[PDB]
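S.K.: Below is run24.cif; it holds mmCIF, C-alpha atoms and all ligand atoms.
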```cif
data_structure
#
loop_
_atom_site.label_atom_id
_atom_site.label_comp_id
_atom_site.auth_asym_id
_atom_site.auth_seq_id
_atom_site.Cartn_x
_atom_site.Cartn_y
_atom_site.Cartn_z
CA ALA A 29 0.00 0.00 0.00
CA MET A 30 0.92 3.76 0.13
CA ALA A 31 0.98 3.04 3.92
CA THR A 32 3.56 0.17 3.65
CA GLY A 33 5.26 2.41 0.97
CA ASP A 34 6.01 5.28 3.42
CA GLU A 35 6.71 2.67 6.21
CA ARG A 36 9.41 0.97 4.07
CA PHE A 37 10.94 4.26 2.79
CA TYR A 38 11.16 5.75 6.33
CA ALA A 39 12.48 2.57 8.01
CA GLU A 40 14.92 1.42 5.24
CA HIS A 41 16.18 4.82 3.86
CA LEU A 42 15.06 8.15 5.42
CA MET A 43 15.48 7.53 9.16
CA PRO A 44 18.87 5.70 8.90
CA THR A 45 20.16 8.51 6.59
CA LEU A 46 18.96 11.33 8.93
CA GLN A 47 20.17 9.55 12.09
CA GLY A 48 23.58 9.06 10.30
CA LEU A 49 23.88 12.87 9.74
CA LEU A 50 22.84 14.11 13.25
CA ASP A 51 23.88 13.68 16.89
CA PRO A 52 21.05 11.87 18.74
CA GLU A 53 19.98 14.91 20.86
CA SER A 54 20.04 17.11 17.69
CA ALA A 55 17.80 14.48 15.97
CA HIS A 56 15.42 14.65 19.02
CA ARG A 57 15.26 18.49 18.93
CA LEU A 58 14.67 18.62 15.13
CA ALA A 59 11.95 15.95 15.50
CA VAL A 60 10.11 18.11 18.09
CA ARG A 61 10.43 21.13 15.70
CA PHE A 62 9.15 19.19 12.64
CA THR A 63 6.27 17.69 14.67
CA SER A 64 5.28 21.12 16.12
CA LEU A 65 5.19 22.52 12.52
CA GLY A 66 3.10 19.53 11.25
CA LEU A 67 5.87 18.51 8.76
CA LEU A 68 4.68 14.87 8.82
CA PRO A 69 3.86 12.04 6.32
CA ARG A 70 0.09 11.45 5.85
CA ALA A 71 -1.39 9.27 8.67
CA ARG A 72 -3.45 7.22 6.14
CA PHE A 73 -4.84 4.83 8.82
CA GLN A 74 -8.54 5.41 9.80
CA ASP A 75 -9.14 4.42 13.47
CA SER A 76 -11.92 1.77 13.63
CA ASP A 77 -14.44 1.24 16.45
CA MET A 78 -12.53 -1.94 17.46
CA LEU A 79 -9.50 0.21 18.59
CA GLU A 80 -11.60 2.48 20.92
CA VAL A 81 -10.91 2.05 24.70
CA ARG A 82 -12.87 3.62 27.58
CA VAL A 83 -10.60 3.93 30.68
CA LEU A 84 -9.36 6.60 33.25
CA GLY A 85 -12.70 8.48 32.79
CA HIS A 86 -12.02 9.06 29.03
CA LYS A 87 -12.62 7.69 25.48
CA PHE A 88 -9.39 6.83 23.63
CA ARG A 89 -9.93 6.69 19.80
CA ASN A 90 -7.04 4.18 19.64
CA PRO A 91 -4.85 2.63 22.36
CA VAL A 92 -1.42 3.76 21.00
CA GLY A 93 0.13 6.76 22.77
CA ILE A 94 3.44 8.64 22.65
CA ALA A 95 5.42 7.93 25.85
CA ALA A 96 6.89 10.65 28.05
CA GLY A 97 10.32 11.96 27.08
CA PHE A 98 9.70 12.81 23.40
CA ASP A 99 7.77 16.03 24.14
CA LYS A 100 9.17 16.93 27.56
CA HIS A 101 7.96 20.57 27.38
CA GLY A 102 4.54 20.29 25.63
CA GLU A 103 5.77 21.83 22.35
CA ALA A 104 4.47 19.22 19.84
CA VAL A 105 1.11 17.98 21.23
CA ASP A 106 -1.03 18.81 18.16
CA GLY A 107 1.57 17.33 15.77
CA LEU A 108 1.66 14.12 17.80
CA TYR A 109 -2.14 13.74 17.39
CA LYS A 110 -1.56 14.41 13.64
CA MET A 111 0.86 11.40 13.65
CA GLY A 112 -2.14 9.21 14.68
CA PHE A 113 -1.46 8.73 18.41
CA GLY A 114 -4.69 8.07 20.35
CA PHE A 115 -3.28 9.99 23.33
CA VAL A 116 -0.28 12.19 24.11
CA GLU A 117 1.82 12.27 27.28
CA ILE A 118 4.11 15.25 27.82
CA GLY A 119 6.90 15.58 30.34
CA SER A 120 8.46 14.86 32.65
CA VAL A 121 8.02 18.46 33.85
CA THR A 122 9.88 19.68 36.96
CA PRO A 123 8.70 22.58 39.15
CA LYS A 124 11.61 24.93 38.35
CA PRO A 125 13.41 24.97 34.97
CA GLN A 126 16.57 22.85 34.96
CA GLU A 127 19.20 21.99 32.36
CA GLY A 128 19.57 18.24 33.03
CA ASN A 129 22.84 16.34 32.63
CA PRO A 130 25.80 17.47 30.49
CA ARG A 131 25.88 16.43 26.76
CA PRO A 132 26.31 13.84 25.39
CA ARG A 133 23.36 12.28 27.28
CA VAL A 134 21.57 10.25 24.52
CA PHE A 135 23.13 7.20 22.80
CA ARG A 136 21.87 5.09 19.87
CA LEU A 137 22.24 1.28 19.84
CA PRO A 138 20.92 0.57 16.32
CA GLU A 139 22.21 -3.06 16.37
CA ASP A 140 19.89 -3.59 19.39
CA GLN A 141 17.03 -1.27 18.20
CA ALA A 142 17.66 0.45 21.55
CA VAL A 143 18.55 3.81 23.06
CA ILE A 144 20.31 4.71 26.32
CA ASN A 145 19.49 8.14 27.78
CA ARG A 146 20.59 10.11 30.82
CA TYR A 147 18.81 13.42 30.11
CA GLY A 148 18.31 14.02 33.87
CA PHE A 149 14.91 15.78 33.63
CA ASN A 150 15.89 18.67 31.39
CA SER A 151 12.71 20.73 31.79
CA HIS A 152 11.35 24.16 30.87
CA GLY A 153 9.57 23.98 34.25
CA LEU A 154 5.93 24.13 35.30
CA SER A 155 5.34 27.88 34.56
CA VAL A 156 6.50 27.67 30.90
CA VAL A 157 4.59 24.42 30.25
CA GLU A 158 1.46 25.81 32.01
CA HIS A 159 1.39 28.82 29.68
CA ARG A 160 2.05 26.60 26.61
CA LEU A 161 -0.91 24.32 27.52
CA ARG A 162 -3.15 27.28 28.42
CA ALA A 163 -2.67 28.68 24.87
CA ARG A 164 -4.46 25.53 23.50
CA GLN A 165 -6.62 24.60 26.57
CA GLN A 166 -9.98 24.73 24.71
CA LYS A 167 -8.47 23.03 21.63
CA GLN A 168 -7.42 20.21 24.01
CA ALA A 169 -10.89 20.09 25.63
CA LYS A 170 -12.36 19.42 22.12
CA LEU A 171 -9.65 16.81 21.30
CA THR A 172 -10.34 15.01 24.61
CA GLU A 173 -14.13 15.03 23.92
CA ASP A 174 -13.23 13.57 20.43
CA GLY A 175 -11.29 10.67 22.09
CA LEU A 176 -7.75 12.19 22.09
CA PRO A 177 -6.75 12.71 25.74
CA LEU A 178 -3.66 14.43 27.17
CA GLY A 179 -1.43 13.14 29.96
CA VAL A 180 1.12 15.19 31.91
CA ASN A 181 4.09 13.48 33.53
CA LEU A 182 5.49 15.17 36.65
CA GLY A 183 9.07 15.00 37.89
CA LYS A 184 11.11 16.58 40.66
CA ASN A 185 14.01 19.04 40.62
CA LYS A 186 17.54 17.70 41.16
CA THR A 187 18.15 19.97 44.20
CA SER A 188 14.65 19.65 45.76
CA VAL A 189 14.67 18.70 49.53
CA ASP A 190 10.94 17.71 49.59
CA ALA A 191 10.03 15.36 46.67
CA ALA A 192 6.34 15.20 47.66
CA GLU A 193 6.12 19.04 47.54
CA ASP A 194 7.57 19.03 43.96
CA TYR A 195 4.87 16.54 42.85
CA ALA A 196 2.16 18.50 44.75
CA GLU A 197 3.27 21.71 42.90
CA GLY A 198 2.91 19.81 39.58
CA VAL A 199 -0.60 18.64 40.49
CA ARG A 200 -1.65 22.20 41.38
CA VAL A 201 -0.13 23.82 38.26
CA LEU A 202 -0.65 21.21 35.50
CA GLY A 203 -3.42 19.05 36.97
CA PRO A 204 -6.06 21.50 35.72
CA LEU A 205 -4.75 21.15 32.12
CA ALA A 206 -4.43 17.31 32.08
CA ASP A 207 -6.74 14.32 31.57
CA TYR A 208 -4.25 12.28 33.61
CA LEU A 209 -1.16 13.01 35.66
CA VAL A 210 1.80 10.67 36.08
CA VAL A 211 3.86 10.55 39.26
CA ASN A 212 7.11 9.56 37.71
CA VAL A 213 8.99 7.80 40.53
CA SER A 214 11.05 5.65 38.09
CA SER A 215 13.60 7.82 36.22
CA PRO A 216 16.99 6.08 36.48
CA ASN A 217 18.70 9.51 36.00
CA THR A 218 17.71 11.44 39.21
CA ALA A 219 19.63 10.32 42.37
CA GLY A 220 17.26 8.88 45.05
CA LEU A 221 14.12 9.15 42.80
CA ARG A 222 13.46 5.36 42.48
CA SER A 223 13.61 5.08 46.35
CA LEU A 224 10.20 6.90 46.21
CA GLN A 225 8.79 3.52 44.89
CA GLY A 226 9.39 2.02 48.42
CA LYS A 227 6.23 1.35 50.56
CA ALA A 228 6.30 4.01 53.42
CA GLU A 229 7.68 6.76 51.09
CA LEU A 230 5.23 5.94 48.23
CA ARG A 231 2.18 5.90 50.61
CA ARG A 232 3.13 9.34 52.13
CA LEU A 233 3.93 10.79 48.62
CA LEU A 234 0.78 9.47 46.91
CA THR A 235 -1.50 10.52 49.82
CA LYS A 236 -0.24 14.11 49.37
CA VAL A 237 -0.61 13.92 45.55
CA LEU A 238 -4.18 12.56 45.75
CA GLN A 239 -5.19 15.22 48.42
CA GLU A 240 -3.92 17.92 46.00
CA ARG A 241 -5.73 16.36 43.00
CA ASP A 242 -8.98 15.99 45.01
CA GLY A 243 -8.78 19.74 45.79
CA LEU A 244 -9.13 20.69 42.10
CA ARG A 245 -12.50 21.70 40.64
CA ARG A 246 -14.37 18.77 39.02
CA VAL A 247 -13.82 19.74 35.32
CA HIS A 248 -10.07 20.22 36.15
CA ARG A 249 -9.62 17.01 38.22
CA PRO A 250 -7.33 14.49 36.42
CA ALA A 251 -6.73 10.79 36.93
CA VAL A 252 -3.46 10.04 38.82
CA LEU A 253 -1.16 7.24 37.63
CA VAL A 254 2.18 6.00 39.02
CA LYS A 255 4.92 5.13 36.53
CA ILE A 256 7.19 2.34 37.70
CA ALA A 257 10.55 0.90 36.81
CA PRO A 258 11.17 -2.49 35.16
CA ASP A 259 13.92 -3.15 37.78
CA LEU A 260 11.75 -3.63 40.88
CA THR A 261 12.13 -6.51 43.29
CA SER A 262 9.13 -8.83 43.84
CA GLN A 263 8.75 -7.11 47.28
CA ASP A 264 8.72 -3.65 45.64
CA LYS A 265 5.97 -4.78 43.18
CA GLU A 266 3.82 -6.26 45.98
CA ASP A 267 4.22 -3.06 48.01
CA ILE A 268 3.27 -0.84 45.04
CA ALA A 269 0.17 -2.99 44.33
CA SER A 270 -0.83 -2.76 48.04
CA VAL A 271 -0.45 1.06 48.16
CA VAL A 272 -2.24 1.61 44.79
CA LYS A 273 -5.29 -0.38 46.00
CA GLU A 274 -5.22 1.19 49.55
CA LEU A 275 -5.20 4.77 48.16
CA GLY A 276 -7.38 4.32 45.03
CA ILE A 277 -4.61 5.36 42.56
CA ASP A 278 -6.31 5.44 39.13
CA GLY A 279 -3.69 3.52 37.15
CA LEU A 280 -0.10 2.44 36.54
CA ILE A 281 2.34 3.13 33.70
CA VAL A 282 4.51 0.04 33.26
CA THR A 283 7.44 0.62 32.54
CA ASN A 284 10.13 3.27 32.48
CA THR A 285 13.60 2.49 31.09
CA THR A 286 15.86 -0.17 32.61
CA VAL A 287 19.21 0.27 34.38
CA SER A 288 19.87 -3.40 33.55
CA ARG A 289 21.97 -4.38 30.54
CA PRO A 290 20.47 -7.63 29.26
CA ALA A 291 22.96 -10.19 28.01
CA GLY A 292 23.35 -9.94 24.24
CA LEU A 293 23.45 -6.16 23.70
CA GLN A 294 25.78 -5.48 20.72
CA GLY A 295 25.86 -1.69 20.49
CA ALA A 296 29.28 -0.12 21.12
CA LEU A 297 27.55 2.25 23.62
CA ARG A 298 25.89 -0.51 25.73
CA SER A 299 27.95 0.39 28.87
CA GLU A 300 26.92 4.08 28.88
CA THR A 301 25.13 5.15 32.10
CA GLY A 302 21.38 5.67 31.75
CA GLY A 303 18.07 4.06 31.03
CA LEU A 304 17.84 1.48 28.23
CA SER A 305 14.70 1.58 26.01
CA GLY A 306 13.52 -0.23 22.85
CA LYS A 307 13.60 -3.91 21.93
CA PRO A 308 15.80 -5.16 24.81
CA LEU A 309 13.28 -3.74 27.32
CA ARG A 310 10.20 -5.19 25.60
CA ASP A 311 9.71 -8.53 27.39
CA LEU A 312 10.95 -7.21 30.79
CA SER A 313 8.15 -4.55 30.49
CA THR A 314 5.51 -7.09 29.31
CA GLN A 315 6.29 -9.38 32.30
CA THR A 316 6.08 -6.36 34.68
CA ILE A 317 2.61 -5.55 33.24
CA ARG A 318 1.62 -9.20 33.70
CA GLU A 319 2.68 -9.20 37.39
CA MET A 320 1.13 -5.79 38.20
CA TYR A 321 -2.20 -6.81 36.58
CA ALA A 322 -2.28 -10.00 38.68
CA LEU A 323 -1.29 -8.19 41.93
CA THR A 324 -4.09 -5.61 41.34
CA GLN A 325 -6.69 -8.31 40.37
CA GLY A 326 -7.15 -6.61 36.96
CA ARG A 327 -8.93 -3.70 38.77
CA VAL A 328 -6.23 -1.01 38.08
CA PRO A 329 -5.80 0.23 34.51
CA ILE A 330 -2.27 -0.18 33.13
CA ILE A 331 -0.61 1.76 30.33
CA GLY A 332 1.98 -0.65 28.92
CA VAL A 333 5.23 0.73 27.56
CA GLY A 334 8.65 -0.57 26.64
CA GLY A 335 9.85 -1.87 23.30
CA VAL A 336 6.59 -1.61 21.30
CA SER A 337 7.31 -1.43 17.53
CA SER A 338 4.58 -3.71 16.07
CA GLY A 339 0.97 -4.79 16.48
CA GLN A 340 2.20 -8.05 18.02
CA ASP A 341 4.22 -6.12 20.62
CA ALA A 342 1.13 -3.99 21.43
CA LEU A 343 -1.20 -7.02 21.64
CA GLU A 344 1.23 -8.93 23.92
CA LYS A 345 1.08 -6.02 26.38
CA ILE A 346 -2.75 -5.75 26.08
CA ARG A 347 -3.19 -9.51 26.65
CA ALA A 348 -0.79 -9.25 29.65
CA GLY A 349 -3.07 -6.56 31.20
CA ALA A 350 -2.49 -3.20 29.49
CA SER A 351 -5.60 -1.14 28.58
CA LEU A 352 -3.41 1.25 26.53
CA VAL A 353 0.15 1.15 25.19
CA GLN A 354 2.80 3.79 24.53
CA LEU A 355 5.93 3.88 22.41
CA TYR A 356 8.88 6.20 21.95
CA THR A 357 12.09 4.39 20.93
CA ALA A 358 10.49 2.73 17.82
CA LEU A 359 9.76 6.25 16.46
CA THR A 360 13.58 6.95 16.47
CA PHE A 361 14.17 4.02 14.03
CA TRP A 362 10.87 3.85 12.01
CA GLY A 363 9.72 7.50 12.07
CA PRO A 364 6.09 8.65 12.09
CA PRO A 365 4.72 5.80 9.88
CA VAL A 366 5.29 3.38 12.81
CA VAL A 367 2.08 4.67 14.47
CA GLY A 368 -0.21 3.57 11.58
CA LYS A 369 1.86 0.35 11.28
CA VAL A 370 1.22 -0.60 14.93
CA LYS A 371 -2.49 0.27 14.68
CA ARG A 372 -3.01 -1.65 11.39
CA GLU A 373 -1.15 -4.74 12.70
CA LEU A 374 -3.00 -4.63 16.08
CA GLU A 375 -6.43 -4.44 14.32
CA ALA A 376 -5.48 -7.42 12.07
CA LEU A 377 -4.28 -9.53 15.07
CA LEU A 378 -7.40 -8.75 17.15
CA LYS A 379 -9.55 -10.05 14.23
CA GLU A 380 -7.25 -13.11 13.73
CA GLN A 381 -7.49 -13.97 17.48
CA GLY A 382 -11.33 -13.62 17.67
CA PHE A 383 -11.43 -10.38 19.75
CA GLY A 384 -14.35 -7.97 19.06
CA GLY A 385 -12.03 -5.08 19.98
CA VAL A 386 -9.10 -3.97 22.20
CA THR A 387 -11.34 -4.07 25.31
CA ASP A 388 -12.04 -7.84 24.90
CA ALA A 389 -8.25 -8.56 24.74
CA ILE A 390 -7.23 -6.65 27.91
CA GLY A 391 -5.83 -9.24 30.35
CA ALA A 392 -6.85 -12.16 28.06
CA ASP A 393 -3.70 -14.19 28.94
CA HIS A 394 -4.78 -14.31 32.65
CA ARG A 395 -8.06 -16.06 31.59
CA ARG A 396 -6.29 -19.01 29.74
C1 LIG B 401 15.79 9.37 21.75
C2 LIG B 401 16.10 10.68 21.06
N1 LIG B 401 15.71 10.63 19.65
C3 LIG B 401 16.48 10.20 18.60
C4 LIG B 401 17.90 9.71 18.68
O1 LIG B 401 18.03 8.54 19.44
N2 LIG B 401 15.83 10.27 17.48
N3 LIG B 401 14.57 10.78 17.78
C5 LIG B 401 13.64 11.03 16.78
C6 LIG B 401 14.09 11.65 15.62
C7 LIG B 401 13.21 11.85 14.57
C8 LIG B 401 13.60 12.56 13.35
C9 LIG B 401 15.00 13.10 13.17
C10 LIG B 401 15.88 12.00 12.56
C11 LIG B 401 15.03 14.39 12.37
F1 LIG B 401 14.16 15.32 12.82
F2 LIG B 401 16.26 14.95 12.49
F3 LIG B 401 14.77 14.20 11.07
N4 LIG B 401 12.71 12.82 12.46
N5 LIG B 401 11.40 12.41 12.54
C12 LIG B 401 10.63 12.79 11.43
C13 LIG B 401 10.99 12.33 10.16
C14 LIG B 401 10.27 12.78 9.08
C15 LIG B 401 9.21 13.66 9.26
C16 LIG B 401 8.87 14.09 10.52
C17 LIG B 401 9.58 13.67 11.61
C18 LIG B 401 9.18 14.20 12.95
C19 LIG B 401 10.94 11.68 13.60
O2 LIG B 401 9.79 11.29 13.65
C20 LIG B 401 11.86 11.42 14.69
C21 LIG B 401 11.43 10.85 15.88
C22 LIG B 401 12.32 10.63 16.88
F4 LIG B 401 11.90 10.03 18.01
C23 LIG B 401 14.50 11.02 19.15
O3 LIG B 401 13.55 11.52 19.78
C1 LIG B 402 15.14 9.95 25.41
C2 LIG B 402 14.16 9.44 26.43
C3 LIG B 402 13.70 10.28 27.42
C4 LIG B 402 12.75 9.88 28.36
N1 LIG B 402 12.28 10.77 29.30
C5 LIG B 402 11.29 10.36 30.10
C6 LIG B 402 10.69 11.27 31.01
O1 LIG B 402 10.95 12.48 31.04
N2 LIG B 402 9.68 10.78 31.81
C7 LIG B 402 9.26 9.45 31.80
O2 LIG B 402 8.35 9.11 32.57
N3 LIG B 402 9.78 8.59 30.93
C8 LIG B 402 10.76 9.02 30.14
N4 LIG B 402 11.29 8.14 29.23
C9 LIG B 402 10.83 6.75 29.22
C10 LIG B 402 9.74 6.44 28.19
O3 LIG B 402 8.56 7.17 28.47
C11 LIG B 402 9.39 4.96 28.15
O4 LIG B 402 8.88 4.59 29.43
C12 LIG B 402 10.56 4.06 27.78
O5 LIG B 402 11.45 4.69 26.86
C13 LIG B 402 10.12 2.71 27.23
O6 LIG B 402 9.37 2.85 26.01
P1 LIG B 402 10.11 2.66 24.57
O7 LIG B 402 10.91 1.37 24.63
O8 LIG B 402 8.95 2.61 23.60
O9 LIG B 402 10.96 3.91 24.33
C14 LIG B 402 12.24 8.56 28.28
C15 LIG B 402 12.72 7.72 27.27
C16 LIG B 402 13.64 8.14 26.34
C17 LIG B 402 14.05 7.18 25.25
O1 LIG B 403 15.03 12.70 31.91
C1 LIG B 403 15.48 11.56 31.87
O2 LIG B 403 16.70 11.25 31.98
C2 LIG B 403 14.52 10.43 31.87
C3 LIG B 403 13.46 10.39 32.71
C4 LIG B 403 12.69 9.18 32.83
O3 LIG B 403 11.73 9.04 33.57
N1 LIG B 403 13.15 8.11 32.10
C5 LIG B 403 14.22 8.12 31.25
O4 LIG B 403 14.59 7.11 30.67
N2 LIG B 403 14.94 9.29 31.23
CL CL B 404 -13.51 5.00 32.60
CL CL B 405 -5.37 15.42 14.72
CL CL B 406 24.78 7.69 19.44
CL CL B 407 -7.37 26.00 34.48
CL CL B 408 13.00 -10.07 43.37
CL CL B 409 22.30 -5.95 34.08
CL CL B 410 23.19 3.07 34.44
#
```
What would you get if you wrote out this structure as structure tokens?
M.R.:
Amino acid sequence: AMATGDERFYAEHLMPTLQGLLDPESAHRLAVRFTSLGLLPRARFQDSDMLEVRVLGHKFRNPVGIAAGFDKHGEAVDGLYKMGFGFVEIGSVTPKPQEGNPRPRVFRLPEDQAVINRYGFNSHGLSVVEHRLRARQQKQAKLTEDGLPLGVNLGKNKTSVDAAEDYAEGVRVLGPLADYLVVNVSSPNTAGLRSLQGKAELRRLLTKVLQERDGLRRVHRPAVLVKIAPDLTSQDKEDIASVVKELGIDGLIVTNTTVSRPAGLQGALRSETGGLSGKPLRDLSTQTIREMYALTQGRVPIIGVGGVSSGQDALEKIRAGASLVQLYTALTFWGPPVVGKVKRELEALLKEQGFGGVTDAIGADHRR
């Protein structure tokens, strides 16, 4: 098709050529610019009824979202919907602006279809992102009503003494502009951050976040999700499940990047510090989804993320317990046509496997 035409040209020729000419962070920045300007191939794929998902108090036209980290500062939201994503997540956003780690801080592993990053929460800060989202607040309200919700992922400043107050500030400032908020406690690139996944610290943190969210006016009151690492102990996962059910957290995002280095990585840059994304993360993420779904008795919506670059990858996460999926790293290798590719392949597999739609497949592996 013209679809598989663009998919082949981007994957085989355009993206490898452009990535060969540019430093990885330069490629990221240009991508945000092109997306914000709508300089994108046609998204030929027409979302069908069988891809619609109702979760987190919203309609999602399709279950494929852009993961946090691509649009950290909310500059490219409308262009990301134009790419065919069913939902957009921006961030992480920190309270105050901060530069993040020194460059280079992004590394390509094309032999592994992976990336390693150590951006360190480079952020324009809440004030700048607030004003950027306010400029399109009513445009977003219409997109959300039309099944295209917006998520905002909150982080904490490097030098902050009170992590919970940083997240609370994010809820107050960006909560009113979001369909869902993400308490990102799983960056591998902020010292001490992943310790906030521990039981006593998570319960205190999430209580404060939920109190702040509950204090927002009804039309401005987002869902709250916790985004977790793929590197948790069994004890950590049990504790997170316990706290999420105790406090009525609305959902989980499973998973962030890994600080592991699976056996078999080939890229020259495999021993760089940072979080590993893409294909080597895929099954570690899927198995984290599977465990979190079971520990929460299928009662807590999961957004599955890590190494999705095909319909099969998306359906494996859905059958493991994800209601929605996200991708980022595949877009660095395949370019924008990957979104229609994943959607087309997912629709075909749902039909092949006897599912009426995405909803019927959620958690299907647990019922075998
Ligand atoms: C992890 C950091 N990181 C890297 C490095 O690891 N790459 N990367 C992306 C780059 C791109 C680029 C680059 C090559 C360009 F901008 F330099 F071309 N272009 N495009 C594109 C092509 C044709 C038309 C419209 C767009 C947006 C994309 O979609 C795209 C996505 C990405 F995630 C990205 O976020
Ligand atoms: C360059 C880069 C930056 C990221 N920054 C963030 C971030 O700010 N917040 C966050 O929650 N996740 C961040 N992530 C993690 C992604 O959202 C996602 O969880 C992870 O990359 C796995 O999905 P993927 O294999 O499809 O990329 C980042 C990932 C990459 C590759
Ligand atoms: O800013 C980053 O370094 C970043 C944050 C996050 O949550 N995950 C990731 O892989 N990198
Ligand atoms: Cl719902
Ligand atoms: Cl659109
Ligand atoms: Cl590189
Ligand atoms: Cl408002
Ligand atoms: Cl363990
Ligand atoms: Cl390891
Ligand atoms: Cl590391």
S.K.: Would you mind telling me which residue in A:379, A:327, A:110, A:298 lies nearest to residue 273 (chain A) when using only C-alpha atoms?
M.R.: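 Using only C-alpha atoms, residue 273 (chain A) sits closest to A:327.
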S.K.: I'd like to know which of A:282, A:144, A:228, A:260 is closest to ligand LIG 401 (chain B), using only C-alpha atoms and all ligand atoms.
M.R.: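 For ligand LIG 401 (chain B), the nearest of the given residues is A:144.
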S.K.: Work out how far CA of residue 276 (chain A) is from CA of residue 232 (chain A), in Å to one decimal.
M.R.: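 Result for CA of residue 232 (chain A) versus CA of residue 276 (chain A): 13.6 Å, one decimal.
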S.K.: Write out as a VMD selection string which residues come within 9 Å of residue 355 (chain A) when counting all atoms listed in the file, dropping same-chain ones fewer than 4 positions away.
M.R.: chain A and resid 92 to 96 306 332 to 337 359 367
S.K.: Counting all atoms listed in the file, which of A:224, A:121, A:206, A:281 gets nearest to residue 248 (chain A)?
M.R.: A:206
S.K.: Calculate how many Å separate CA of residue 256 (chain A) from CA of residue 214 (chain A), rounding to one decimal.
M.R.: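 Those two atoms sit 5.1 Å apart.
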S.K.: How would you write, as a PyMOL selection string, the set of residues no farther than 6 Å from ligand CL 404 (chain B) when counting all atoms listed in the file?
M.R.: chain A and resi 82-86
